[PDB]
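Participant: What follows is the file work14.cif, containing mmCIF, C-alpha atoms and all ligand atoms:
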data_final
loop_
_atom_site.group_PDB
_atom_site.id
_atom_site.type_symbol
_atom_site.label_atom_id
_atom_site.label_comp_id
_atom_site.auth_asym_id
_atom_site.auth_seq_id
_atom_site.Cartn_x
_atom_site.Cartn_y
_atom_site.Cartn_z
ATOM 1 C CA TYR A 1 -1.530 5.968 2.570
ATOM 2 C CA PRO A 2 1.666 5.330 4.556
ATOM 3 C CA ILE A 3 0.554 8.180 6.811
ATOM 4 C CA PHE A 4 -2.625 6.261 7.701
ATOM 5 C CA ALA A 5 -0.482 3.404 8.863
ATOM 6 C CA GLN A 6 1.928 5.730 10.656
ATOM 7 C CA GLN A 7 -0.968 7.284 12.549
ATOM 8 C CA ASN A 8 -2.938 4.142 13.435
ATOM 9 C CA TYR A 9 -0.390 1.361 13.928
ATOM 10 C CA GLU A 10 2.550 1.517 16.308
ATOM 11 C CA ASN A 11 4.345 -1.124 14.238
ATOM 12 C CA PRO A 12 3.628 -1.788 10.505
ATOM 13 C CA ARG A 13 4.358 -5.515 10.784
ATOM 14 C CA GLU A 14 1.913 -7.880 12.561
ATOM 15 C CA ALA A 15 2.821 -10.998 14.503
ATOM 16 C CA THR A 16 1.761 -13.083 11.486
ATOM 17 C CA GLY A 17 4.161 -11.178 9.274
ATOM 18 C CA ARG A 18 1.338 -9.353 7.574
ATOM 19 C CA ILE A 19 2.090 -5.695 6.919
ATOM 20 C CA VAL A 20 -0.645 -3.306 8.047
ATOM 21 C CA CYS A 21 -1.361 -1.729 4.614
ATOM 22 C CA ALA A 22 -3.090 -5.018 3.804
ATOM 23 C CA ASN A 23 -5.826 -4.076 6.293
ATOM 24 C CA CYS A 24 -7.129 -1.426 3.881
ATOM 25 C CA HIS A 25 -5.470 -2.275 0.540
ATOM 26 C CA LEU A 26 -7.341 -5.553 -0.034
ATOM 27 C CA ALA A 27 -6.112 -6.915 -3.360
ATOM 28 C CA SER A 28 -2.837 -8.745 -3.742
ATOM 29 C CA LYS A 29 -0.265 -7.729 -6.345
ATOM 30 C CA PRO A 30 3.425 -8.645 -6.531
ATOM 31 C CA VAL A 31 6.277 -6.708 -5.126
ATOM 32 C CA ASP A 32 9.999 -7.430 -5.288
ATOM 33 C CA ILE A 33 13.005 -6.271 -3.274
ATOM 34 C CA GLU A 34 16.692 -6.382 -4.305
ATOM 35 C CA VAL A 35 19.635 -5.823 -1.981
ATOM 36 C CA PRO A 36 23.287 -6.853 -2.094
ATOM 37 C CA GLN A 37 24.152 -10.204 -0.657
ATOM 38 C CA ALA A 38 26.490 -8.587 1.886
ATOM 39 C CA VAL A 39 27.601 -5.144 2.935
ATOM 40 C CA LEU A 40 30.430 -3.804 5.008
ATOM 41 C CA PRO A 41 29.958 -1.760 8.131
ATOM 42 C CA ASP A 42 29.212 1.928 7.810
ATOM 43 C CA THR A 43 28.717 1.762 4.060
ATOM 44 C CA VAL A 44 25.752 2.778 1.909
ATOM 45 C CA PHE A 45 23.755 0.218 -0.075
ATOM 46 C CA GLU A 46 20.662 0.246 -2.231
ATOM 47 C CA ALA A 47 17.445 -1.532 -1.398
ATOM 48 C CA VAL A 48 15.578 -1.681 -4.725
ATOM 49 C CA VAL A 49 11.808 -2.144 -4.493
ATOM 50 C CA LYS A 50 9.605 -3.006 -7.443
ATOM 51 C CA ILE A 51 5.827 -2.347 -7.346
ATOM 52 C CA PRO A 52 4.892 -3.291 -10.924
ATOM 53 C CA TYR A 53 1.539 -2.780 -12.633
ATOM 54 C CA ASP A 54 0.007 -2.400 -16.098
ATOM 55 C CA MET A 55 0.662 1.221 -16.813
ATOM 56 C CA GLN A 56 -2.342 1.314 -19.108
ATOM 57 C CA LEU A 57 -4.637 0.868 -16.085
ATOM 58 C CA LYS A 58 -6.863 3.731 -14.917
ATOM 59 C CA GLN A 59 -8.491 3.587 -11.480
ATOM 60 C CA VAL A 60 -11.630 5.124 -10.035
ATOM 61 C CA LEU A 61 -10.597 8.273 -8.165
ATOM 62 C CA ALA A 62 -12.285 9.844 -5.176
ATOM 63 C CA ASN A 63 -14.318 12.030 -7.545
ATOM 64 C CA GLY A 64 -15.712 9.106 -9.558
ATOM 65 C CA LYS A 65 -13.562 9.780 -12.623
ATOM 66 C CA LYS A 66 -10.769 7.499 -13.835
ATOM 67 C CA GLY A 67 -7.162 8.401 -13.257
ATOM 68 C CA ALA A 68 -3.570 7.358 -12.769
ATOM 69 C CA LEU A 69 -2.201 5.224 -9.916
ATOM 70 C CA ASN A 70 0.235 6.293 -7.207
ATOM 71 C CA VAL A 71 2.575 3.990 -5.297
ATOM 72 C CA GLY A 72 4.036 3.828 -1.803
ATOM 73 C CA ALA A 73 6.074 1.539 0.420
ATOM 74 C CA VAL A 74 7.239 0.775 3.952
ATOM 75 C CA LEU A 75 10.691 -0.752 4.418
ATOM 76 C CA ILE A 76 11.552 -2.449 7.678
ATOM 77 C CA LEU A 77 15.238 -2.798 8.556
ATOM 78 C CA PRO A 78 16.908 -4.319 11.574
ATOM 79 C CA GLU A 79 17.593 -1.879 14.437
ATOM 80 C CA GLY A 80 20.767 0.089 13.698
ATOM 81 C CA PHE A 81 20.209 0.349 9.932
ATOM 82 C CA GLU A 82 19.047 3.795 8.798
ATOM 83 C CA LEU A 83 18.354 5.960 5.832
ATOM 84 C CA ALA A 84 21.691 7.227 4.487
ATOM 85 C CA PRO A 85 22.133 10.976 4.971
ATOM 86 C CA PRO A 86 22.752 13.104 1.867
ATOM 87 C CA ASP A 87 26.471 13.625 2.566
ATOM 88 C CA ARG A 88 27.033 9.865 2.200
ATOM 89 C CA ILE A 89 25.134 9.389 -1.065
ATOM 90 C CA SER A 90 26.999 9.615 -4.401
ATOM 91 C CA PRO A 91 25.693 12.087 -7.002
ATOM 92 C CA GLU A 92 24.985 9.136 -9.234
ATOM 93 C CA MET A 93 23.022 7.351 -6.530
ATOM 94 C CA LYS A 94 21.388 10.693 -5.960
ATOM 95 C CA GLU A 95 19.947 10.879 -9.443
ATOM 96 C CA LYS A 96 19.091 7.191 -9.495
ATOM 97 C CA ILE A 97 17.014 7.779 -6.377
ATOM 98 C CA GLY A 98 15.363 10.870 -7.665
ATOM 99 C CA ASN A 99 13.259 13.526 -5.999
ATOM 100 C CA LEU A 100 12.096 11.180 -3.205
ATOM 101 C CA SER A 101 11.558 12.326 0.374
ATOM 102 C CA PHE A 102 11.950 9.184 2.550
ATOM 103 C CA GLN A 103 10.577 9.475 6.109
ATOM 104 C CA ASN A 104 10.984 7.575 9.347
ATOM 105 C CA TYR A 105 7.814 5.648 10.219
ATOM 106 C CA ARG A 106 7.930 7.534 13.529
ATOM 107 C CA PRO A 107 10.712 9.866 14.762
ATOM 108 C CA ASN A 108 11.906 7.164 17.166
ATOM 109 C CA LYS A 109 11.820 4.507 14.449
ATOM 110 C CA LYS A 110 14.830 5.153 12.271
ATOM 111 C CA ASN A 111 14.909 1.558 11.065
ATOM 112 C CA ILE A 112 11.522 1.839 9.336
ATOM 113 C CA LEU A 113 11.155 4.022 6.253
ATOM 114 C CA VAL A 114 8.076 5.024 4.297
ATOM 115 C CA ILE A 115 7.624 6.657 0.957
ATOM 116 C CA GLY A 116 4.608 7.775 -1.022
ATOM 117 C CA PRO A 117 2.206 8.506 -2.358
ATOM 118 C CA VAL A 118 4.218 9.273 -5.521
ATOM 119 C CA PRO A 119 3.284 8.689 -9.182
ATOM 120 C CA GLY A 120 3.457 5.145 -10.357
ATOM 121 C CA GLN A 121 4.481 6.372 -13.816
ATOM 122 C CA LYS A 122 7.882 7.406 -12.427
ATOM 123 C CA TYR A 123 8.260 5.285 -9.350
ATOM 124 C CA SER A 124 7.239 1.734 -10.190
ATOM 125 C CA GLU A 125 10.809 1.090 -8.975
ATOM 126 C CA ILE A 126 12.145 2.818 -5.918
ATOM 127 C CA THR A 127 15.676 2.873 -4.588
ATOM 128 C CA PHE A 128 16.153 3.327 -0.829
ATOM 129 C CA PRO A 129 19.686 4.475 0.120
ATOM 130 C CA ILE A 130 20.539 2.553 3.290
ATOM 131 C CA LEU A 131 23.427 3.101 5.725
ATOM 132 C CA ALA A 132 24.695 -0.092 7.315
ATOM 133 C CA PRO A 133 25.634 0.183 11.051
ATOM 134 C CA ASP A 134 28.964 -0.779 12.603
ATOM 135 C CA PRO A 135 29.515 -3.580 15.087
ATOM 136 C CA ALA A 136 32.699 -1.750 16.107
ATOM 137 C CA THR A 137 30.634 1.278 17.033
ATOM 138 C CA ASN A 138 27.408 -0.345 18.210
ATOM 139 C CA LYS A 139 27.163 -3.154 20.755
ATOM 140 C CA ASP A 140 23.741 -4.358 19.730
ATOM 141 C CA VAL A 141 24.924 -4.918 16.174
ATOM 142 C CA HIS A 142 26.888 -7.916 14.932
ATOM 143 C CA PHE A 143 28.227 -9.524 11.796
ATOM 144 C CA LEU A 144 25.116 -11.562 11.023
ATOM 145 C CA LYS A 145 22.557 -12.358 8.372
ATOM 146 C CA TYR A 146 19.727 -9.805 8.831
ATOM 147 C CA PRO A 147 16.200 -9.877 7.358
ATOM 148 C CA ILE A 148 14.650 -6.940 5.542
ATOM 149 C CA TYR A 149 10.912 -6.652 4.885
ATOM 150 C CA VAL A 150 8.969 -4.528 2.502
ATOM 151 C CA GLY A 151 5.324 -3.843 1.770
ATOM 152 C CA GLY A 152 4.517 -2.011 -1.448
ATOM 153 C CA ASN A 153 1.250 -0.618 -2.765
ATOM 154 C CA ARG A 154 -0.215 0.721 -5.952
ATOM 155 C CA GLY A 155 -3.705 2.218 -6.167
ATOM 156 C CA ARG A 156 -6.390 3.617 -3.842
ATOM 157 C CA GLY A 157 -7.408 1.548 -0.824
ATOM 158 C CA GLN A 158 -10.810 0.037 -0.021
ATOM 159 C CA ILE A 159 -11.326 1.229 3.590
ATOM 160 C CA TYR A 160 -10.722 4.424 5.478
ATOM 161 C CA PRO A 161 -9.239 4.790 8.954
ATOM 162 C CA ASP A 162 -12.777 5.187 10.342
ATOM 163 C CA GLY A 163 -13.685 1.854 8.877
ATOM 164 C CA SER A 164 -15.962 3.227 6.148
ATOM 165 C CA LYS A 165 -15.607 1.925 2.572
ATOM 166 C CA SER A 166 -14.187 4.066 -0.199
ATOM 167 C CA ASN A 167 -15.654 4.113 -3.709
ATOM 168 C CA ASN A 168 -12.783 1.890 -4.817
ATOM 169 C CA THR A 169 -14.466 -1.322 -3.824
ATOM 170 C CA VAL A 170 -17.382 -3.600 -4.622
ATOM 171 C CA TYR A 171 -20.887 -2.683 -3.403
ATOM 172 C CA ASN A 172 -22.972 -5.549 -2.068
ATOM 173 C CA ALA A 173 -26.695 -5.846 -1.447
ATOM 174 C CA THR A 174 -27.696 -4.994 2.159
ATOM 175 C CA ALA A 175 -30.840 -7.120 1.757
ATOM 176 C CA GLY A 176 -31.799 -10.101 -0.361
ATOM 177 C CA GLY A 177 -34.934 -9.579 -2.415
ATOM 178 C CA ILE A 178 -36.126 -8.370 -5.743
ATOM 179 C CA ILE A 179 -35.058 -5.071 -7.265
ATOM 180 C CA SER A 180 -38.125 -2.935 -7.844
ATOM 181 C CA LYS A 181 -36.404 0.230 -8.957
ATOM 182 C CA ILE A 182 -33.068 1.526 -10.103
ATOM 183 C CA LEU A 183 -32.671 5.265 -10.034
ATOM 184 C CA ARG A 184 -29.860 6.595 -12.136
ATOM 185 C CA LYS A 185 -28.546 9.785 -10.702
ATOM 186 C CA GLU A 186 -27.793 12.835 -12.903
ATOM 187 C CA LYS A 187 -24.086 13.181 -12.031
ATOM 188 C CA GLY A 188 -23.597 9.410 -11.734
ATOM 189 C CA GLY A 189 -24.382 6.692 -9.204
ATOM 190 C CA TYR A 190 -27.664 5.010 -8.417
ATOM 191 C CA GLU A 191 -30.370 4.265 -5.905
ATOM 192 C CA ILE A 192 -31.435 0.669 -5.927
ATOM 193 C CA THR A 193 -34.721 -0.167 -4.264
ATOM 194 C CA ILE A 194 -34.870 -3.741 -3.009
ATOM 195 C CA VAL A 195 -38.041 -5.354 -1.689
ATOM 196 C CA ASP A 196 -37.232 -8.196 0.657
ATOM 197 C CA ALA A 197 -40.588 -9.899 0.425
ATOM 198 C CA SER A 198 -39.443 -12.573 2.796
ATOM 199 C CA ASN A 199 -38.861 -10.139 5.637
ATOM 200 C CA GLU A 200 -41.473 -7.686 4.470
ATOM 201 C CA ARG A 201 -39.037 -4.827 4.263
ATOM 202 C CA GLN A 202 -37.908 -2.259 1.708
ATOM 203 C CA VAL A 203 -34.327 -1.027 1.581
ATOM 204 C CA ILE A 204 -32.583 1.381 -0.713
ATOM 205 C CA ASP A 205 -28.927 0.651 -1.580
ATOM 206 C CA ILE A 206 -26.918 3.639 -2.806
ATOM 207 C CA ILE A 207 -24.161 3.176 -5.410
ATOM 208 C CA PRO A 208 -21.341 5.780 -5.761
ATOM 209 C CA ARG A 209 -20.599 7.378 -9.139
ATOM 210 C CA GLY A 210 -17.916 5.637 -11.235
ATOM 211 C CA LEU A 211 -18.789 1.984 -10.667
ATOM 212 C CA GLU A 212 -20.398 -0.410 -13.093
ATOM 213 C CA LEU A 213 -23.817 -1.803 -12.179
ATOM 214 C CA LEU A 214 -24.313 -5.519 -12.426
ATOM 215 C CA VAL A 215 -28.039 -5.731 -11.746
ATOM 216 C CA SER A 216 -31.345 -4.825 -13.375
ATOM 217 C CA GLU A 217 -34.874 -4.040 -12.220
ATOM 218 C CA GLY A 218 -36.899 -7.155 -11.639
ATOM 219 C CA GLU A 219 -33.793 -9.092 -10.769
ATOM 220 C CA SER A 220 -33.720 -11.306 -7.640
ATOM 221 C CA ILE A 221 -30.674 -11.015 -5.480
ATOM 222 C CA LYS A 222 -29.260 -12.401 -2.281
ATOM 223 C CA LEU A 223 -27.990 -10.561 0.759
ATOM 224 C CA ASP A 224 -24.351 -9.587 0.166
ATOM 225 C CA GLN A 225 -24.564 -10.295 -3.519
ATOM 226 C CA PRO A 226 -22.488 -7.797 -5.505
ATOM 227 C CA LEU A 227 -24.399 -4.947 -7.080
ATOM 228 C CA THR A 228 -21.289 -3.682 -8.961
ATOM 229 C CA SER A 229 -18.176 -5.196 -10.388
ATOM 230 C CA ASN A 230 -15.092 -4.620 -8.248
ATOM 231 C CA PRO A 231 -13.532 -1.467 -9.649
ATOM 232 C CA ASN A 232 -10.133 -2.081 -7.900
ATOM 233 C CA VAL A 233 -7.212 -2.321 -10.330
ATOM 234 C CA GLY A 234 -4.440 -1.816 -7.756
ATOM 235 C CA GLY A 235 -2.972 -3.975 -5.025
ATOM 236 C CA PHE A 236 -0.621 -4.539 -2.082
ATOM 237 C CA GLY A 237 2.233 -7.034 -1.886
ATOM 238 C CA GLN A 238 5.099 -7.882 0.454
ATOM 239 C CA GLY A 239 8.574 -9.128 0.040
ATOM 240 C CA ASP A 240 11.601 -9.936 2.107
ATOM 241 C CA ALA A 241 15.313 -10.337 1.755
ATOM 242 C CA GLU A 242 18.365 -11.181 3.854
ATOM 243 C CA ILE A 243 21.658 -9.344 3.980
ATOM 244 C CA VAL A 244 24.966 -10.201 5.576
ATOM 245 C CA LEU A 245 26.642 -7.428 7.548
ATOM 246 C CA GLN A 246 30.127 -8.503 6.529
ATOM 247 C CA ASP A 247 33.173 -8.600 8.769
ATOM 248 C CA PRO A 248 35.821 -6.458 7.039
ATOM 249 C CA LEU A 249 38.385 -9.092 8.065
ATOM 250 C CA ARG A 250 36.053 -11.718 6.630
HETATM 251 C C1 LIG B 301 0.986 0.839 4.460
HETATM 252 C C2 LIG B 301 2.142 1.345 4.958
HETATM 253 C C3 LIG B 301 0.288 1.619 3.347
HETATM 254 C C4 LIG B 301 0.755 1.936 2.133
HETATM 255 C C5 LIG B 301 2.127 1.582 1.473
HETATM 256 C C6 LIG B 301 -0.281 2.695 1.466
HETATM 257 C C7 LIG B 301 -0.173 3.276 0.210
HETATM 258 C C8 LIG B 301 -1.082 4.111 -0.407
HETATM 259 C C9 LIG B 301 -0.896 4.868 -1.643
HETATM 260 C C10 LIG B 301 0.436 4.912 -2.469
HETATM 261 C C11 LIG B 301 -2.035 5.539 -1.841
HETATM 262 C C12 LIG B 301 -2.472 6.390 -3.042
HETATM 263 C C13 LIG B 301 -3.060 5.511 -4.180
HETATM 264 C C14 LIG B 301 -3.428 6.230 -5.447
HETATM 265 O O1 LIG B 301 -3.331 5.628 -6.536
HETATM 266 O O2 LIG B 301 -3.696 7.439 -5.312
HETATM 267 C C15 LIG B 301 -2.983 5.133 -0.825
HETATM 268 C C16 LIG B 301 -4.319 5.525 -0.723
HETATM 269 C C17 LIG B 301 -5.243 5.037 0.189
HETATM 270 N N1 LIG B 301 -4.931 4.212 1.258
HETATM 271 FE FE1 LIG B 301 -3.133 3.500 1.759
HETATM 272 N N2 LIG B 301 -1.365 2.844 2.317
HETATM 273 C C18 LIG B 301 -1.011 2.233 3.504
HETATM 274 C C19 LIG B 301 -1.823 2.104 4.601
HETATM 275 C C20 LIG B 301 -3.173 2.326 4.579
HETATM 276 C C21 LIG B 301 -4.080 2.007 5.654
HETATM 277 C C22 LIG B 301 -3.559 1.441 7.005
HETATM 278 C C23 LIG B 301 -5.319 2.302 5.240
HETATM 279 C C24 LIG B 301 -6.654 2.142 6.003
HETATM 280 C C25 LIG B 301 -6.779 2.664 7.237
HETATM 281 C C26 LIG B 301 -5.208 2.794 3.883
HETATM 282 C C27 LIG B 301 -6.241 3.190 3.064
HETATM 283 C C28 LIG B 301 -6.118 3.938 1.906
HETATM 284 C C29 LIG B 301 -7.207 4.552 1.177
HETATM 285 C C30 LIG B 301 -8.687 4.444 1.608
HETATM 286 C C31 LIG B 301 -6.684 5.195 0.142
HETATM 287 C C32 LIG B 301 -7.423 6.038 -0.897
HETATM 288 C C33 LIG B 301 -7.707 7.459 -0.441
HETATM 289 C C34 LIG B 301 -8.541 8.213 -1.429
HETATM 290 O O3 LIG B 301 -8.045 8.429 -2.555
HETATM 291 O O4 LIG B 301 -9.740 8.385 -1.144
HETATM 292 N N3 LIG B 301 -3.881 2.780 3.504
HETATM 293 N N4 LIG B 301 -2.370 4.266 0.041
#
Could you spell out this file's structure in structure tokens?
Ligand code: HEM

Facilitator:
Amino acid sequence: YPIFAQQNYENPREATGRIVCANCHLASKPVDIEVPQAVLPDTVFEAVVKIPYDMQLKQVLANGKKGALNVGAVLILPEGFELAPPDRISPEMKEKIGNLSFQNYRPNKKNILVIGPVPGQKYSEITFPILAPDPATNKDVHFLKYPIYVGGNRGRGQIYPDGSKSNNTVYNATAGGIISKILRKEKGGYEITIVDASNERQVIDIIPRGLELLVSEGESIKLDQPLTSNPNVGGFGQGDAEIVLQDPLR
């Protein structure tokens, strides 16, 4: 979630340009961002973010059942740019945007906006209403080309803030060996007993409900080998753009 990033990372963009969601949302899926080529001072413009995915997809939910995907994004503007207040947004723009509640990444960070989780069904495309600053009013702003960066996600992540895996990821063998037993649990999930003859050790690998098993009793496996297919149907992607803060004189 955006909140996880907000809580654990001071800045959502790393020195390499990687956006922090990628630390937990491990698969890569496209994202696109559209903005005008140029914008005049103190005027509102739209930053249109696309986080596309096959709407027929159903993902494994926390409970082990399959369900719909939700989407979310973090938009990083230059200092001085902000979310447009309601009094500056046209009623048309208003309805184009929809019922979205944009938030500042942190109260002191007005140039970084987050949104989500919200249903992918409705928000595969999200319009951020942005208010351009004014070089005439702000000394740290100028008539320049400015970069804009976005990170957009669809689907449950693979790792929690505490570093533990979620059920939306692949489960790998914790020991190489031969599978001596596979216990199918009543409400789903399994217990896989592995005998690592080489190290003379027995280990039991637990599989969460909702994943598809790839192994059978009597099968030999290696350490780290996948015991399940990767259930993840979602993904995180990044995009960038450049906008000219145009001199009204030109
Ligand atoms: C980065 C700013 C970031 C974004 C964007 C993001 C989005 C996001 C969405 C929209 C959801 C819901 C998905 C669904 O279909 O329901 C979601 C869920 C999870 N996230 Fe996330 N998330 C961002 C950041 C982070 C970070 C930094 C972590 C790891 C610390 C993380 C992890 C997760 C996990 C796990 C989930 C699933 C929770 C659950 O259903 O059990 N995200 N994220």

Participant: Report as a PDB file with C-alpha atoms, in the coordinates of the input which protein, DNA and RNA residues come within 8 Å of ligand LIG 301 (chain B), using all atoms listed in the file.

Facilitator:
ATOM      1  CA  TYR A   1      -1.530   5.968   2.570  1.00  0.00           C
ATOM      2  CA  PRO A   2       1.666   5.330   4.556  1.00  0.00           C
ATOM      3  CA  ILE A   3       0.554   8.180   6.811  1.00  0.00           C
ATOM      4  CA  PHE A   4      -2.625   6.261   7.701  1.00  0.00           C
ATOM      5  CA  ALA A   5      -0.482   3.404   8.863  1.00  0.00           C
ATOM      6  CA  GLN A   6       1.928   5.730  10.656  1.00  0.00           C
ATOM      7  CA  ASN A   8      -2.938   4.142  13.435  1.00  0.00           C
ATOM      8  CA  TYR A   9      -0.390   1.361  13.928  1.00  0.00           C
ATOM      9  CA  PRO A  12       3.628  -1.788  10.505  1.00  0.00           C
ATOM     10  CA  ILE A  19       2.090  -5.695   6.919  1.00  0.00           C
ATOM     11  CA  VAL A  20      -0.645  -3.306   8.047  1.00  0.00           C
ATOM     12  CA  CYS A  21      -1.361  -1.729   4.614  1.00  0.00           C
ATOM     13  CA  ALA A  22      -3.090  -5.018   3.804  1.00  0.00           C
ATOM     14  CA  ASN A  23      -5.826  -4.076   6.293  1.00  0.00           C
ATOM     15  CA  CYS A  24      -7.129  -1.426   3.881  1.00  0.00           C
ATOM     16  CA  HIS A  25      -5.470  -2.275   0.540  1.00  0.00           C
ATOM     17  CA  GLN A  59      -8.491   3.587 -11.480  1.00  0.00           C
ATOM     18  CA  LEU A  61     -10.597   8.273  -8.165  1.00  0.00           C
ATOM     19  CA  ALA A  62     -12.285   9.844  -5.176  1.00  0.00           C
ATOM     20  CA  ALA A  68      -3.570   7.358 -12.769  1.00  0.00           C
ATOM     21  CA  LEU A  69      -2.201   5.224  -9.916  1.00  0.00           C
ATOM     22  CA  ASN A  70       0.235   6.293  -7.207  1.00  0.00           C
ATOM     23  CA  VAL A  71       2.575   3.990  -5.297  1.00  0.00           C
ATOM     24  CA  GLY A  72       4.036   3.828  -1.803  1.00  0.00           C
ATOM     25  CA  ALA A  73       6.074   1.539   0.420  1.00  0.00           C
ATOM     26  CA  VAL A  74       7.239   0.775   3.952  1.00  0.00           C
ATOM     27  CA  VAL A 114       8.076   5.024   4.297  1.00  0.00           C
ATOM     28  CA  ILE A 115       7.624   6.657   0.957  1.00  0.00           C
ATOM     29  CA  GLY A 116       4.608   7.775  -1.022  1.00  0.00           C
ATOM     30  CA  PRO A 117       2.206   8.506  -2.358  1.00  0.00           C
ATOM     31  CA  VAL A 118       4.218   9.273  -5.521  1.00  0.00           C
ATOM     32  CA  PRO A 119       3.284   8.689  -9.182  1.00  0.00           C
ATOM     33  CA  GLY A 120       3.457   5.145 -10.357  1.00  0.00           C
ATOM     34  CA  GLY A 151       5.324  -3.843   1.770  1.00  0.00           C
ATOM     35  CA  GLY A 152       4.517  -2.011  -1.448  1.00  0.00           C
ATOM     36  CA  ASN A 153       1.250  -0.618  -2.765  1.00  0.00           C
ATOM     37  CA  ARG A 154      -0.215   0.721  -5.952  1.00  0.00           C
ATOM     38  CA  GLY A 155      -3.705   2.218  -6.167  1.00  0.00           C
ATOM     39  CA  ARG A 156      -6.390   3.617  -3.842  1.00  0.00           C
ATOM     40  CA  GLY A 157      -7.408   1.548  -0.824  1.00  0.00           C
ATOM     41  CA  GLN A 158     -10.810   0.037  -0.021  1.00  0.00           C
ATOM     42  CA  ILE A 159     -11.326   1.229   3.590  1.00  0.00           C
ATOM     43  CA  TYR A 160     -10.722   4.424   5.478  1.00  0.00           C
ATOM     44  CA  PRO A 161      -9.239   4.790   8.954  1.00  0.00           C
ATOM     45  CA  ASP A 162     -12.777   5.187  10.342  1.00  0.00           C
ATOM     46  CA  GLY A 163     -13.685   1.854   8.877  1.00  0.00           C
ATOM     47  CA  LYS A 165     -15.607   1.925   2.572  1.00  0.00           C
ATOM     48  CA  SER A 166     -14.187   4.066  -0.199  1.00  0.00           C
ATOM     49  CA  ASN A 167     -15.654   4.113  -3.709  1.00  0.00           C
ATOM     50  CA  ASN A 168     -12.783   1.890  -4.817  1.00  0.00           C
ATOM     51  CA  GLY A 234      -4.440  -1.816  -7.756  1.00  0.00           C
ATOM     52  CA  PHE A 236      -0.621  -4.539  -2.082  1.00  0.00           C
TER      53      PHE A 236
END

Participant: For segment 144-149 of chain A, I'd like the enclosing box, axis-aligned and padded by 8 Å on every side, reported as lines of an AutoDock Vina configuration file with centre and edge lengths in Å to one decimal.

Facilitator:
center_x = 18.0
center_y = -9.5
center_z = 8.0
size_x = 30.2
size_y = 21.7
size_z = 22.1

Participant: Could you state the separation of atom CA of residue 76 of chain A and atom CA of residue 141 of chain A in Å, given to one decimal place?

Facilitator: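 Here the two named atoms are 16.0 Å from each other.
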
Participant: With a distance cut-off of 7 Å and only C-alpha atoms, select the neighbouring residues of segment 36-49 of chain A, excluding the residue or stretch itself and same-chain residues fewer than 3 positions from it, and output the selection as a ChimeraX atom specification.

Facilitator: /A:32-33,84,125-134,243-248

Participant: Which neighbours of segment 211-226 of chain A fall inside 12 Å, counting only C-alpha atoms, when residues of the same chain fewer than 3 positions from it are skipped, and could you give them as number ranges by chain?

Facilitator: A: 59-66, 166-184, 188-199, 203, 205-208, 229-232

Participant: Go through A:26, A:53, A:210, A:201 and flag the residue nearest residue 185 of chain A, using all atoms listed in the file for the distances.

Facilitator: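 The answer is A:210, which sits nearest to residue 185 of chain A.
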
Participant: What is the distance, in Å and to one decimal place, between atom CA of residue 186 of chain A and atom CA of residue 57 of chain A?

Facilitator: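 These two atoms are separated by 26.3 Å.
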
Participant: Just the number, please: distance in Å from atom CA of residue 237 of chain A to atom CA of residue 17 of chain A, one decimal.

Facilitator: 12.1 Å

Participant: I'd like the residues picked by the PyMOL selection byres (((chain A and resi 148) around 8) and not hetatm) written out as a ChimeraX atom specification, using the chain letters and numbers from the file.

Facilitator: /A:75-78,146-147,149-150,240-243
